[PDB]
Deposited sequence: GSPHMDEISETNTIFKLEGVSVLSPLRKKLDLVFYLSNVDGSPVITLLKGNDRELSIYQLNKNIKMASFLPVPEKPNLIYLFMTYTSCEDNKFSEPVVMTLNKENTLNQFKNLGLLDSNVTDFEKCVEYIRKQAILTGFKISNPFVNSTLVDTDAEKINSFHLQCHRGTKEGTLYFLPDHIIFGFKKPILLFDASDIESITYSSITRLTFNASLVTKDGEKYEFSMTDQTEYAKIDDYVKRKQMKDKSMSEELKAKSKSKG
């Protein structure tokens, strides 16, 4: 099923966080059934996860920064399952840039003395384009900040069309048009709480946001309304 012929691109040893924490190989290839592009995450020859019909089944795909780790980058994707019976499903992996660069040099995808990891991002985005989907790179307007959801810290990403709270379970993804309101409230002298409610009546509290980020968040919301 996966052969050297038929594989577009393979990245070994990516660190998958969701829907499981495991070091796996990312493979983009063409099905032998119909030649249709498939993304899978492999342990050895075994498949942990597959995404098929990428043209219609990939809903969201973005490179996102890892806060404080310039050494890493997230790839985040949501998808309808191969059997069209499971919807908006999240995958998150980190890529180590130094290793990704180095692997790319070994596969001859990049000349020996390439310093710039954004060359890898250009290639991967191109491989998505050829393969029927698009990966956004919204950060390289958008912003992200640390907050708590209860006792657990997480990160809030304010993207052109989505807000993400990631990436410990459960990852929250909000379409920007589903925000009904945000109400602000304070708890510290240097922080504020953001109470967000969605069109379906669900309320999420994001506590302890630095008040440097209020200006940004309010302007975001007002624009998206």
Segments lacking C-alpha coordinates (deposited sequence numbering, starting at 1): 1-6, 147-158, 244-261
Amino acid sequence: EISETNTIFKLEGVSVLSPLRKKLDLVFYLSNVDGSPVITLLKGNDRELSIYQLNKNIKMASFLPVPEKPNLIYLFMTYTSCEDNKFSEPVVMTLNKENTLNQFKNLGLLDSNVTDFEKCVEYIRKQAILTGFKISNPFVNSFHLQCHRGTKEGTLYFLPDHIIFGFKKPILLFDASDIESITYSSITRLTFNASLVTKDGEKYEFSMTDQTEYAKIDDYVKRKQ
From here on, numbers count along this sequence of modelled residues.
Higher-B stretch (mean Cα B-factor, as the entry records it), 107-115 or 145-153: 107-115
Residue 25 by Cα B-factor - lowest, middle or highest third of the modelled chain: lowest
Entry-reported Cα temperature factor of residue 16, expressed as the chain third it lands in: middle
Chain-wide C-alpha B factor ranking for residue 34, given as lowest, middle or highest third: highest
Chain-relative CA temperature factor third for residue 80: middle
For residue 9, the third of its chain into which the C-alpha B factor falls: middle
